[PDB]
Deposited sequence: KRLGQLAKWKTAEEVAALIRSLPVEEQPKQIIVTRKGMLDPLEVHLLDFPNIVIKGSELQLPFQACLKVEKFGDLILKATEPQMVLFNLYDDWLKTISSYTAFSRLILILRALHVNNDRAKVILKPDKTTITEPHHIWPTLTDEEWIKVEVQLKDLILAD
């Protein structure tokens, strides 16, 4: 990937080997993506942003990009699939019942990693959050 300035330098690089037109593609969604479910039931997918963001080739020289997230982030390092499923559905149910209050519970400096959809919390912080989400649902 090249910068605007580097592409301009390749272009004027001619003299009438230069075409009368240039073909330009529309801007896509800039990876890495930010994905979250905090606006449940919506899934929000956001792109990023002298940037190196261009390629220039012969039109004549003509697989889709795939990005993975995980509804469990990295939890399966610590906990079972059963426990993970249970935590996920509890979070979704809380977001469903009381979206504003759930979002506050999940942000008790609390950080969600760029490649994660849920905050980074210790085992003991998750226990406290689970108690709070349950109380949120019971208060409905």
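Gaps between the deposited sequence and the modelled structure occur at positions 1-8, 22, 59-62, 76-80, 127-128.
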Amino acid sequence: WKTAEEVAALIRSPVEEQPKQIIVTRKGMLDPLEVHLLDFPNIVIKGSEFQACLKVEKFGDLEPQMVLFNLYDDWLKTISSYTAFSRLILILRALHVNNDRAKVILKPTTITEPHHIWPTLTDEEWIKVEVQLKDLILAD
From here on, numbers count along this sequence of modelled residues.
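When 67-75 is weighed against 90-98, 67-75 comes out higher, by mean CA B-factor as recorded in the entry. Just going by the entry, 32-40 versus 81-89 on mean CA temperature factor gives the higher value to 32-40. Ranking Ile11, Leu121, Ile117, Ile127 by the C-alpha B-factor listed in the PDB entry places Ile11 at the top. In this PDB entry, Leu133 carries a Cα temperature factor that places it within the lowest third of its chain's modelled residues.
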